[PDB]
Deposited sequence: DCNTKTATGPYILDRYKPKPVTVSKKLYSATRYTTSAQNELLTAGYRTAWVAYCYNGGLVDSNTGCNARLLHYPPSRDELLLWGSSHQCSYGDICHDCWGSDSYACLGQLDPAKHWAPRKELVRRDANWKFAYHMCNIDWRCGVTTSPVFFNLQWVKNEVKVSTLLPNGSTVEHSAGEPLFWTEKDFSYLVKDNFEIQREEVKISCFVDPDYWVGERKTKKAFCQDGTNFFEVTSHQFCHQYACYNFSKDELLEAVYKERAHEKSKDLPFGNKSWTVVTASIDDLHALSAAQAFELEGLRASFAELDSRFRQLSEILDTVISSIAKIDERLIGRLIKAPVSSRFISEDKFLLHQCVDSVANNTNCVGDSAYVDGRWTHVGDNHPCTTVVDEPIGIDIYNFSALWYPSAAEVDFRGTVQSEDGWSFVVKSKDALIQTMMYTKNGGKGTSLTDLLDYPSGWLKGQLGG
């Protein structure tokens, strides 16, 4: 009996309304402090004498024996500057089995800067073969390195300092104009800045997200960082803007070694994010599929009234004639803009290209100190005597 029609409604077409996400792109003004170079110059030099003063009066004599030890003569600051420029180190006179009056060498002052060499290793000797006499052996080791080492910049009470990174995780703040010099046992160290700190007014792009877990993430060239306060530093750069740990002490992270396990952990976060993006790209593709179905239906409706529409859409010189709901034949027979879309420019991702520096202990300058220690152990392992 469906000669009669029924009526329901009224209805309305739903608009699409996504939950808003607040993160947005800011362009922050900042004063940026950077350096004209990315390395400090570490000059490290060492010098040690082995001094063995022995008396041989036979085993009955309680004075028979040896006073044999290492004595450190670390270079002074002036010496180290000359060692660095000449790539050579200096050492004292060698005494080989000196007895009698010649044995005084082991008792008097030692002049540690009488002979030069690029490197010098000592021989450990404590011979005592001359009965009723003292016997003296002296020999020297020395060496020097001049090596570039990376560094950080750092705010220290409202001024930008160079932060020299030490292999034990401590740091020493200083101005780019004041070299560091210190002595420790056999070694002296000179850290020099052959660069200056330049300041610039810059604009930094950041994404501020008030809905963490309030949090700003920024990019400056190949450097990426989370800005946590208005005075901020990252590696070689400090900024002023406008408007896990305790297993390692408070050691700088530049001396803590990453594990493969840490890389796996970072990799799995990447994997999760990329797969989510994959799922979201699938939904975006689905929306364009849906919009093409809606549009094709809408166009089919208007095109039956306006026989030029299809031709204008494909830029073909044809008018159309429909033979069904969807099938059609084709025959060949300056103003003011109004934006109805109001689209905002997309931010595009790009390859990050982060520079990596490695641990401070990996640097040649600092591993030179470890190599010096290892070589002393080898040469000291046993006496080179007739003893």
(request) Residue ranges with no C-alpha coordinates, please: along the deposited sequence, counted from 1, in order. (result) 214-219, 250-265, 356-390, 445-466
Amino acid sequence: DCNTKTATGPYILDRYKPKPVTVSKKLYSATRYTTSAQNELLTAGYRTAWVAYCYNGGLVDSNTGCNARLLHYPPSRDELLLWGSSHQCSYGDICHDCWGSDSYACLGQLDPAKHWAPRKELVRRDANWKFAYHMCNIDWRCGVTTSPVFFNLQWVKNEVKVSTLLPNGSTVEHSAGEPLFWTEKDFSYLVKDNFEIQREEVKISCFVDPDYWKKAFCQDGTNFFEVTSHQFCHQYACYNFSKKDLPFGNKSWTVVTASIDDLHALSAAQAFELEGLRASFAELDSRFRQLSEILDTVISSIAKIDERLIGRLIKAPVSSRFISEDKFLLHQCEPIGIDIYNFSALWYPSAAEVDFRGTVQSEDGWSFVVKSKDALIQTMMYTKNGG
From here on, numbers count along this sequence of modelled residues.
(message) Highest mean C-alpha temperature factor of the two stretches 198-206 and 113-121, which is it?
(response) 198-206
(request) Report the stretch with the higher mean CA temperature factor, choosing between 154-162 and 83-91 on the basis of the entry. (result) 154-162
(message) Between 241, 224, 104, 131, which one tops the list for Cα B-factor in this entry?
(response) 241
(request) Using the temperature factors in the entry, find which of 220, 273, 261, 139 has the highest value at its Cα atom. (result) 220
(request) For residue 311, return the chain-relative third of its C-alpha B-factor as stated in the PDB record: lowest, middle or highest. (result) middle
(request) Could you tell me which third, lowest, middle or highest, the C-alpha B-factor of residue 13 occupies within its chain? (result) middle
(message) Test of reading the entry: by CA B factor among the chain's modelled residues, which third contains residue 337?
(response) highest
(message) Could you place residue 33 in the lowest, middle or highest third of its chain by Cα temperature factor, using the values in the record?
(response) highest
(message) For the chain shown, is the CA B-factor of residue 72 in the lowest, middle or highest third of its modelled residues?
(response) lowest
